[PDB]
RNA sequence: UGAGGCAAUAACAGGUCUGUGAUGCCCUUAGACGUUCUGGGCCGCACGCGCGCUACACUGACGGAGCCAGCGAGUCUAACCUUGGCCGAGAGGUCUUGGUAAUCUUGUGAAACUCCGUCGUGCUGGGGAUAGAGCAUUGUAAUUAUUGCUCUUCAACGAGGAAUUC
RNA sequence: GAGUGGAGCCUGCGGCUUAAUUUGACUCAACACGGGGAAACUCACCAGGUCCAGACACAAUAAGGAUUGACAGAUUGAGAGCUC
Ligand SMILES: [Mg+2]
Ligand SMILES: [Mg+2]
Ligand SMILES: [Mg+2]
Ligand SMILES: [Mg+2]
Ligand SMILES: [Mg+2]
Ligand SMILES: [Mg+2]
Ligand SMILES: [Mg+2]
Ligand SMILES: [Mg+2]
Ligand SMILES: [Mg+2]
Ligand SMILES: [Mg+2]
Ligand SMILES: [Mg+2]
Ligand SMILES: [Mg+2]
Ligand SMILES: [Mg+2]
Ligand SMILES: [Mg+2]
Ligand SMILES: [Mg+2]
Ligand SMILES: [Mg+2]
Ligand SMILES: [Mg+2]
Ligand SMILES: [Mg+2]
Ligand SMILES: [Mg+2]
Ligand SMILES: [Mg+2]
Ligand SMILES: [Mg+2]
Ligand SMILES: [Mg+2]
Ligand SMILES: [Mg+2]
Ligand SMILES: [Mg+2]
Ligand SMILES: [Mg+2]
Ligand SMILES: [Mg+2]
Ligand SMILES: [Mg+2]
Ligand SMILES: [Mg+2]
Ligand SMILES: [Mg+2]
Ligand SMILES: [Mg+2]
Ligand SMILES: [Zn+2]
Ligand SMILES: [Zn+2]
């Protein structure tokens, strides 16, 4: 009701975040996965990204 | 529906990553130990592998 | 918080029904799936219900997993007055 | 990705890969066998897809 | 004499035509960046700004500048409909009074308010 | 850090006045009642809500602001 | 075999509370160190240091023309990769089109490079800084000029001290 | 061998400047590093304006109303009832 509490959040770094933590900074957006590289390494297993080479 | 195959398979792994979490919190006092997710016709099946199934 | 008794009754009726409530960590949503109220109304009315016992809270990955308990059952059984042994997701469906 | 949460160190880069293998087989048959052969042969983790048609 | 000097020309238009030509006819004769900004967004912008700007220049002590009208829109482009008014062109803190002249046309307000205290190196 | 400055003057809030208010209504000598101040023709304000009486102004407050009847 | 992945014991007061709804303790908490909105700032410029990009041309610049890769990536409850057709000097525009992809973009007709010409050592036609003016694209927003284009302006730099990277 | 170090700009760091010019890091192992290409955002800085999203306990106020909102105007950068 209070027409006074927001401004374009359609694009750029502020539109987004990280589905685990909220960090706008350091986001892997590839493959529509949207994880900050610091939570990407802490999950990379459970997602299925592993280390062959 | 209607997604790319890559995007689908990554998306499924994120679906795994999150589920494992939600259980790894929720069922701590029930000795939760991992999940598996099996897809079929009709249903979508998730099996909690935990060491106290009478409390789940 | 501050919310009319109408939106409290949408929350309390709904939760007594489903026994479990879900809410993504994102105020400024205005309406959330399934409950015709402000998102903020839900989270806060819930956390209110939680700090006094009643319902437990869980978070993980931005999404807040709300679990009604048995004493909590007693309370909206009062708030919705409905008779002793009223409802809750405590009947094991048809034969599923 | 860089290995460090922060910024210090040598600039160790890592690299993660997930392996997506695709296969397709074509069969001509009735409706009974498709339905028989598809409900079973179920496998968690493998994605089975069955279309139809010539277009 | 006879020639009371002569008015300004924006790009071939003297003062008076620009005075009652209309904004849309102005920007139409404005350049690249202007006809773009005026193209897009046509639903509520220099709104009550222009109703205050004109009610000031009306409520004017006659043969004198109108009262300053402050605004934060460092981004407005200057149109003949605002020629001769006094605008408080915010710069970060405090509104810089600036008189709009027939030659500042189509420049942004913010080029007329400095956002930074020059430099002075060494010194003491 | 730095802490505190102020060229003074702090902002207040609101008060919601006082008023025993709803004396507005008049009962004659036993016992006919005639209302005072005119009510709002909006379907949401079932004519129980009234209109504030200023200047030109007659304003519906239940309609948390809505609309502008003037008599 | 070439190249990686993994990798014991132990050590550092190395970095990270500025990735985390990981956290102790301390601070603050309504005249907010909470959050949000408006605007500016991180870009500010006498100048020191580092990583670099483009050059000083003739094994070259320019103009025709020859014409060849590999690792990628791409749009649902949406506007991603974009062929073709016209229009436009250009940037671009516009009507259409294929692709959730070894199927469409794409043979990614890349660039050095090859070839026939022009120039001819002259700060030259090497170099393209700085600036003027006009045109477009992204975006609510382009001023301190997001980027692109045309024209014009035509710097320093004639191979680089001690030093020092790979 | 191909360079850097000299030149032009690009970029980080220092210093100065500044309302602020957010900040970590300073030999190899700091300085095209924080995935750090910042117009809003990001944002931590600066000049200003809102909101509480202060659970819960008890006490107090208080249905003769505890509290909430607002049209216009004044005001405000602003079609913020911020305030009046
Ligand atoms: Mg918001
Ligand atoms: Mg200043
Ligand atoms: Mg009354
Ligand atoms: Mg081998
Ligand atoms: Mg230390
Ligand atoms: Mg950390
Ligand atoms: Mg802390
Ligand atoms: Mg982060
Ligand atoms: Mg963790
Ligand atoms: Mg703080
Ligand atoms: Mg910076
Ligand atoms: Mg240095
Ligand atoms: Mg380096
Ligand atoms: Mg050539
Ligand atoms: Mg290929
Ligand atoms: Mg033309
Ligand atoms: Mg289509
Ligand atoms: Mg020469
Ligand atoms: Mg020359
Ligand atoms: Mg040249
Ligand atoms: Mg600008
Ligand atoms: Mg600046
Ligand atoms: Mg930018
Ligand atoms: Mg040399
Ligand atoms: Mg040498
Ligand atoms: Mg800081
Ligand atoms: Mg070393
Ligand atoms: Mg801001
Ligand atoms: Mg508000
Ligand atoms: Mg309190
Ligand atoms: Zn994260
Ligand atoms: Zn009404």
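Protein chains in written order, with PDB author numbering: chain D9, 4 to 56; chain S3, 3 to 58; chain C0, 1 to 96; chain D0, 67 to 121; chain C5, 8 to 131; chain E1, 82 to 152.
Cβ atoms here follow ideal geometry from the backbone N, Cα and C, with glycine treated the same way.
Chain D9 places a beta carbon closer than 8 Å to that of residue 83 (chain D0), counting this residue as a contact. Residues of the segment 35 to 54 of chain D9 with a C-beta less than 7 Å from any C-beta of chain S3: 35, 36, 46, 49, 50 and 51, listed in chain order. Sorted by position in the chain, 5 (chain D9), 7 (chain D9) and 8 (chain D9) make up the residues whose C-beta lies under 6 Å from a heavy atom of ligand 29.
Counting along the chain, residue 50 (chain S3) sits inside the beta strand (DSSP E) bounded by residues 46 to 52. By the rule that beta-carbons nearer than 8 Å mark a contact, residue 29 (chain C0) does not touch chain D9. Of all residues, those with a beta-carbon under 7 Å from at least one heavy atom of ligand 32 are 121 (chain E1), 123 (chain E1), 125 (chain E1), 126 (chain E1), 130 (chain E1), 141 (chain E1), 143 (chain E1), 144 (chain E1), 147 (chain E1) and 148 (chain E1), reported in chain order. Residue 20 (chain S3): not part of any beta strand (DSSP E); member of the alpha helix (DSSP H) spanning 7 to 28, first to last residue. Excluding its 5 nearest sequence neighbours in each direction, residue 105 (chain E1) has C-beta neighbours in its own chain below 7 Å: 117 and 118, listed in chain order. Annotation: residue 48 (chain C0) is outside any beta strand (DSSP E); the continuous alpha helix (DSSP H) that includes it extends over 39 to 51. When only Cα atoms are considered, residue 13 (chain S3) and residue 61 (chain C0) end up about 15 Å apart. Counting along the chain, no alpha helix (DSSP H) covers residue 121 (chain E1), and no H or E run does either. Below 8 Å, enough C-beta pairs join the segment 84 to 100 of chain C5 and the segment 25 to 40 of chain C5 to call them touching: three or more. Under a criterion of Cβ atoms nearer than 8 Å, no residue of chain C0 is adjacent to residue 31 (chain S3); the nearest Cβ is some 12 Å distant.
Proximity to residue 9 (chain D9) across 28 (chain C0), 22 (chain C0) and 96 (chain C0) peaks at 28 (chain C0), based on C-alpha coordinates. Of all residues in the segment 4 to 38 of chain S3, the ones placed with a Cβ closer than 8 Å to any Cβ belonging to chain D0 are 7, 8, 10, 11, 12, 15 and 38, in chain order.
For residue 40 (chain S3), the secondary structure class from DSSP, reduced to helix, strand or coil, is strand. Here residue 7 (chain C0) is near residue 37 (chain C0), since their CB atoms are less than 8 Å apart. Not one beta carbon of chain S3 lies nearer than 8 Å to the beta carbon of residue 66 (chain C0). Closest option to residue 71 (chain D0), judged by alpha-carbon separation, among 39 (chain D9), 48 (chain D9) and 23 (chain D9): 39 (chain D9).
One alpha carbon belongs to residue 70 (chain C5), the other to residue 91 (chain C5), and they sit about 12 Å apart.
For residue 58 (chain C0), the closest Cβ of chain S3 is nearer than 8 Å. Taking the CA atoms as reference points, residue 115 (chain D0) sits about 15 Å from residue 8 (chain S3). The Cβ atoms of residue 41 (chain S3) and residue 50 (chain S3) lie no closer than 8 Å to each other. Contact between residue 71 (chain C0) and residue 53 (chain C0) is confirmed by a C-beta separation of about 5 Å, below the 8 Å threshold.
For residue 93 (chain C0), no CB of chain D9 lies under 8 Å from its own CB, so it is not counted at the interface with that chain.
Judged by DSSP in its simplified three-state form, residue 32 (chain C0) adopts strand. With a threshold of 8 Å between beta carbons, residue 51 (chain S3) makes no contact with chain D0. Around the CB of residue 129 (chain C5), fewer than 16 other CB atoms lie within 10 Å, so the residue is classed as exposed. Per the coordinates, the alpha-carbon of residue 134 (chain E1) lies some 7 Å from the alpha-carbon of residue 140 (chain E1). Secondary structure at residue 59 (chain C0): coil, using DSSP grouped into helix, strand and coil. Here residue 115 (chain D0) carries a coil assignment [DSSP, helix/strand/coil]. By the rule that beta-carbons nearer than 8 Å mark a contact, residue 6 (chain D9) does not touch chain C0.
Taking 8 Å as the threshold, the shortest C-beta distance from residue 103 (chain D0) to chain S3 does not fall below it.
Around the CB of residue 14 (chain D9), fewer than 16 other CB atoms lie within 10 Å, so the residue is classed as exposed. If you draw a straight line from the Cα of residue 56 (chain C0) to the Cα of residue 35 (chain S3), it is about 22 Å long.
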